[PDB]
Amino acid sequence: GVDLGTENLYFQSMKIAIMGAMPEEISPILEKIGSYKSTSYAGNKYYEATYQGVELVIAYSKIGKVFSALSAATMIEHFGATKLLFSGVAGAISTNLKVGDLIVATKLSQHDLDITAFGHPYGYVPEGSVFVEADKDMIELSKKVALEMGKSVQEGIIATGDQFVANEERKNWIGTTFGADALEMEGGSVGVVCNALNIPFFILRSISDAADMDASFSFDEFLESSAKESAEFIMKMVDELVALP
């Protein structure tokens, strides 16, 4: 076998899944890529593109843990993704996050997963883990990108559950129990699936609201702008991942 050392500039095996939960979260991705095909599968549409020597598979999952698990599994198992990036919006728990701020997940839990009647901690089931770890290399890359962009990007724990949280008491329980800086409805599900399949993943969220009584209105106001903020950063990540030595 002969490899000349430049093959990756022409075509490599890497296939990057880029996912959101809602159409507003991925359309800015599809606008940057511009040209792509689409496949109807698993009740959804999966868009594919040839991008600078790698291939992209892009989709929105629909909301929640089950749909996001299905899309993540589909992108890996059926569309052959080898890395996964998630872009979307989230509710802020930490007071240092405000509308529009980006947060990269260090690790994620499922805040509504509860078999505590058997004395296990919140978020745990046998053979599982309270937290699932996002990929360290991509987190480092995100630091490089943030500086290049001149942007302030926090790193923290994101908690995932199948509820839109619009209630400070719930919000505070989640923050306290898990040390979570932000909450959302897909990240931890996606992480568990990627982890199961040995696929490194990266979860990015732009804050849309503060998970309180005003959460739904803020979410409506800032969905499009926050979604665009996340998506712009994610495309910079893709360009970086294509550039690896």
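Quick note: we count residues from 1 along the sequence shown, nothing fancier.
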Report task. Give the stretch, out of 142-150 and 104-112, with the larger mean C-alpha temperature factor in the deposited entry. Result -> 142-150
Query - Given 94-102 and 163-171, the range whose Cα B-factors average higher in the PDB entry - result: 94-102
Query raised in the report: Based on the PDB record, which member of 61, 39, 35, 195 exhibits the highest Cα temperature factor?
Result: 35
Requested in this report: Could you tell me which third, lowest, middle or highest, the C-alpha B-factor of residue 66 occupies within its chain?
Outcome: lowest
Report task. Select lowest, middle or highest to describe the third in which the CA B-factor of residue 176 falls within its chain in this entry. Result -> highest
Query raised in the report: Against its chain's modelled residues, does residue 155's Cα B factor rank lowest, middle or highest third?
Result: highest
Query raised in the report: How does residue 135 rank on Cα B-factor within its chain, lowest, middle or highest third?
Result: middle
Query - Chain-relative CA temperature factor third for residue 204 - result: middle
